[PDB]
Amino acid sequence: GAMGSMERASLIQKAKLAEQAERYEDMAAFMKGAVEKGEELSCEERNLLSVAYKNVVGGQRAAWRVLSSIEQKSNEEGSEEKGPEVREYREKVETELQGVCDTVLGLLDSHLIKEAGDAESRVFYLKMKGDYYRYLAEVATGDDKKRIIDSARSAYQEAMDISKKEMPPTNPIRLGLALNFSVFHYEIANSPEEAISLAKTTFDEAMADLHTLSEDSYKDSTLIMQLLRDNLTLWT
Amino acid sequence: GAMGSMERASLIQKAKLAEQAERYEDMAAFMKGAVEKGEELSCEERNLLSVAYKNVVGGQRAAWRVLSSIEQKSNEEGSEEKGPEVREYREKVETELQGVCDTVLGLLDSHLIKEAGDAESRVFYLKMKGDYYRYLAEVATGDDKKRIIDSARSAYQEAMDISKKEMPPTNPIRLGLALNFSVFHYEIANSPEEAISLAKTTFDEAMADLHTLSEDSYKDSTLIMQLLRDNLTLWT
Amino acid sequence: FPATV
Amino acid sequence: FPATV
Ligand SMILES: *CC(=O)NCC1CCN(C(=O)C2(Oc3ccc(Cl)cc3)CCCC2)CC1
Ligand SMILES: *CC(=O)NCC1CCN(C(=O)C2(Oc3ccc(Cl)cc3)CCCC2)CC1
Ligand SMILES: [Mg+2]
Ligand SMILES: [Mg+2]
Ligand SMILES: [Mg+2]
Ligand SMILES: [Mg+2]
Ligand SMILES: [Mg+2]
Ligand SMILES: [Mg+2]
């Protein structure tokens, strides 16, 4: 641990600074250090962890898609041979992306998930587990693609089961989980009907519970409901 | 050299891919590898080098400014003591930025500048030398700030002298040099009158030469002329 | 890209 | 930021 000599509170402070500076690689490293102190994370701290890695992997995924598209174009008929460089560089980015996913999955397995007893924390971490297996699935092409997909599905399903038992239908973690699991169904599992059903049922059950909410909670929940609607519009 | 085993042409190909993927750290590393092959750079290759490092250092400078502002706020009256973390993290980013500047200056000194005999190449590299000393100057506060500023000034001045002798007043390298030297005067040297004079004289001498240009050259030159105008508007 | 959070 | 290139 490069961060082993730094105070937990200092790591969290610096993660917040890194976020303000849009230094997401630094933010992720600080948050990894904080997790490795061994104490459970607060809600705010869980958010910092998720924001940091979402931004790092998001950039990698975008780069990977650019390179994969160039590669695919190079393998079409009439395309002039340009040697191994496009494949090599796509592989480089892919390997870095896989590394980040493995790091996050590692933190969740050692030992965030096992120590998370409250619904809000356990669902949050299981959603992350699904998400990072989904990112691995996006780039998987070999013997293990099926197992990676199943790992994502299993994590999302456990999260769904807990969220349905323990959280109201407007809870933003529950909504965001459903949003992402729906995307998993559409983009990864080749199950667009399941994706659409999940998004619709989630949206409608949330709609029915909005009346229970404060203005601020209403804002939070409706934001994510709109994302569900946006996907439905894209898919139908 | 991490890039010592890779072909020069492969490094240039991958720099171009990295640019398309907005992977500017990778782009810079590829271009460093290409420079270290020891051959002179073509115009296209000089542009790749400049684009890569401009984007890397640009991000660092933006982050440094965010952190410096937070630090300055922390040192005002009535500000609650938050410990050494803001200073530590600003220092971390600063040190990384200084490292990138030193790397670029190193490439220019070993051996880009000495081997550049054509006006277009020599002016381009001397402009870069001025620019990277200017970035060092932005963060300098100690015994060496004056010497760093003088190093920037000297590089820009040599570039100016060559550009005036050897290039037309609409040449985009000559215009961009003047633009940046003008900014050096305003932001670094505390010489706003010099900055304004340089920008105005550069703009007016370019205007008078536009009639000699093709449509495409006209586009190139007028773009940078507008940047001169924008600065003049900001400063007057 | 469909939306995820 | 004034403009530079
Ligand atoms: C500790 C905790 O409760 N974190 C979750 C909370 C949910 C709302 N937040 C958001 O930034 C937005 O929604 C989500 C929903 C789920 C997840 Cl996993 C992340 C973000 C982002 C889009 C609308 C609000 C803050 C974190
Ligand atoms: C090898 C070579 O001639 N490179 C210079 C050339 C100038 C125009 N280019 C640009 O991207 C823009 O202008 C400059 C001007 C100077 C410098 Cl050092 C960089 C860029 C960018 C704004 C308008 C055009 C391409 C590179
Ligand atoms: Mg301690
Ligand atoms: Mg691979
Ligand atoms: Mg169902
Ligand atoms: Mg060779
Ligand atoms: Mg320092
Ligand atoms: Mg003069």
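Residue numbers start from 1 in every chain, and the chains themselves are labelled A, B, ... in the order their sequence lines are given, proteins ahead of strands.
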Under the 3.5 angstrom rule, does the side chain of A/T170 hit a backbone N or O of A/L210 as a donor-acceptor pair?
-> no
Between the side chain of A/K114 and the main-chain N/O of A/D109, is any donor-acceptor distance below 3.5 Å?
-> yes
Checking A/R229 against A/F203: charged group under 6.0 Å from the ring centre and within 45 degrees of the axis?
-> yes
Electrostatic pair B/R65:B/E138 at N-O distance under 4.0 angstrom = yes
Scanning both residues in full, the closest heavy-atom pair of A/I224 with A/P172 reads CD1-O, 3.6 Å
For A/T202 and A/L175, the nearest pair of non-hydrogen atoms, with its separation, is CG2-CD2, 3.7 Å
Between the NZ atom in B/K145 and the CD1 atom in B/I148, the distance rounded to the nearest 0.5 Å is 8.0 Å
Kindly check if the number of other-residue, nucleotide or ligand heavy atoms within 6.0 Å of CD (A/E25) is above 12?
-> no
With distance as the sole criterion, is a donor-acceptor pair present between the side chains of A/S217 and A/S214 under 3.5 Å?
-> yes
Should B/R8 and B/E36 count as an ion pair when the cut-off is N to O under 4.0 Å?
-> no
Scan side-chain atoms only and decide if A/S68 and A/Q72 contain a donor-acceptor pair under the 3.5 Å cut-off.
-> yes
Locate the shortest heavy-atom distance separating B/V86 from B/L67; write the atom from each residue and the value.
-> CG1-O, 4.1 Å
So does A/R122 pair up with A/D118, basic N to acidic O under 4.0 Å?
-> no
Quick one: does A/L108's side chain get under 4.5 Å of A/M128's, heavy atoms only?
-> yes
Does B/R90 come within less than 4.0 Å of B/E71, counting only side-chain N to carboxylate O?
-> yes
Look at B/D216 together with B/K219 and state whether they make a salt bridge at an N to O cut-off of under 4.0 Å.
-> no
Is it true that B/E94 and B/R87 have a side-chain N and a carboxylate O under 4.0 angstrom from each other?
-> no
Side-chain donor or acceptor of A/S182 paired with backbone N/O of A/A195 under 3.5 Å | yes
Going through the distances and angles, do A/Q98 and A/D102 end up as a side chain to side chain donor-acceptor pair (under 3.5 Å)?
-> CA-CA 6 Å; A/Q98 294 167 324; A/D102 289 346; over 6 Å; no
Do A/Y156 and A/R134 have side-chain heavy atoms sitting under 4.5 Å apart?
-> yes
Is A/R147 salt-bridged to A/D144, cutoff N-O under 4.0 Å?
-> yes
Between B/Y186 and B/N231, is any side-chain donor less than 3.5 angstrom from a side-chain acceptor?
-> no
Should A/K146 and A/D150 count as an ion pair when the cut-off is N to O under 4.0 Å?
-> no
Would you call the rings of B/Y89 and A/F30 parallel, tilted or perpendicular if under 30° counts as parallel and over 60° as perpendicular?
-> perpendicular
Does the distance from a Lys or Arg side-chain N to an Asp or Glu carboxylate O, for A/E19 and A/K16, drop under 4.0 Å?
-> no
Side chain A/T103, main chain A/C101, donor-acceptor under 3.5 Å | no
Any chance the side chains of A/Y125 and A/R46 put a donor and an acceptor closer than 3.5 Å?
-> no
Sub-4.5 Å side-chain heavy-atom contact between A/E120 and A/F124 = no
Under 4.0 Å between a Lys/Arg side-chain N and an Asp/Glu carboxylate O for A/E205 and A/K200?
-> no
Would you say the side-chain atoms of A/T222 pair up with the backbone N or O of A/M225, donor to acceptor, closer than 3.5 Å?
-> no
Crowding at CD, A/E44 (>12 non-hydrogen neighbours, <6.0 Å) = no
Heavy-atom nearest pair, C/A3 first then A/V183, reads O-CG2, 3.4 Å
Would a 4.5 Å heavy-atom cut-off, applied to side chains only, mark A/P192 and A/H185 as touching?
-> no
With a 4.5 Å heavy-atom cut-off, do B/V51 and B/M31 have their side chains touching?
-> no
B/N47 backbone acceptor or donor facing B/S50 side chain under 3.5 Å | yes
Compare every heavy atom of A/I70 with every heavy atom of B/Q20, then report the nearest pair and how far apart it is.
-> OE1-CD1, 3.6 Å
How far does OG of A/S121 sit from CD of A/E115, to the nearest 0.5 angstrom?
-> 10.5 Å
Residue pair A/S74 / A/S79: nearest heavy atoms and the distance that separates them | O-CB, 3.4 Å
Less than 4.0 Å between a side-chain N and a carboxylate O, is that true for B/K14 and A/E88?
-> yes
Taking B/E81 for the side chain and B/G83 for the main chain, is one N or O donor matched with an acceptor at less than 3.5 Å?
-> yes
Report yes if the side chains of A/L41 and A/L48 come closer than 4.5 Å at any heavy-atom pair, otherwise no.
-> no
Interatomic spacing from CG in A/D131 to OH in A/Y53 - rounded to 0.5 Å = 15.0 Å
With a 4.5 Å heavy-atom cut-off, do A/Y218 and A/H211 have their side chains touching?
-> no
Under the salt bridge (charged side-chain N to carboxylate O under 4.0 Å, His left out) criterion, do A/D161 and A/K165 qualify, and how do the steps go?
-> CA-CA 6 Å; A/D161 293 345; A/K165 286 190 193 195; over 6 Å; no
Donor-acceptor pair, side chain of A/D26 and main chain of A/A15, under 3.5 angstrom = no
A/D209 backbone acceptor or donor facing A/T212 side chain under 3.5 Å | yes
Give, for atom CH2 of A/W235 and atom CG of A/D230, the distance between the pair rounded to the nearest 0.5 Å.
-> 10.5 Å
For the residue pair B/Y135 and B/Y132, categorise the inter-ring angle as parallel (less than 30°), tilted (30 to 60°) or perpendicular (more than 60°).
-> perpendicular
Distance col, row B/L227:CG vs B/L179:CG, nearest 0.5 angstrom, shows 5.5 Å
Checking salt bridge (charged side-chain N to carboxylate O under 4.0 Å, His left out) for the pair A/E96/B/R23: CA distance, chi angles, key distance, verdict?
-> CA-CA 12 Å; A/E96 292 188 10; B/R23 292 272 296 195; 2.9 Å; yes
Would you confirm whether A/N171, through its side chain, and A/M167, through its main-chain N or O, come within 3.5 Å as a donor-acceptor pair?
-> no
With a cut-off of 6.0 Å (strictly less than), are more than 12 heavy atoms of other residues, nucleotides or ligands near NZ of A/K164?
-> no
Side-chain touch A/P168/A/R174, heavy atoms, less than 4.5 angstrom = no
Separation between CD (A/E187) and CG (A/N180), nearest 0.5 Å, reads 10.0 Å
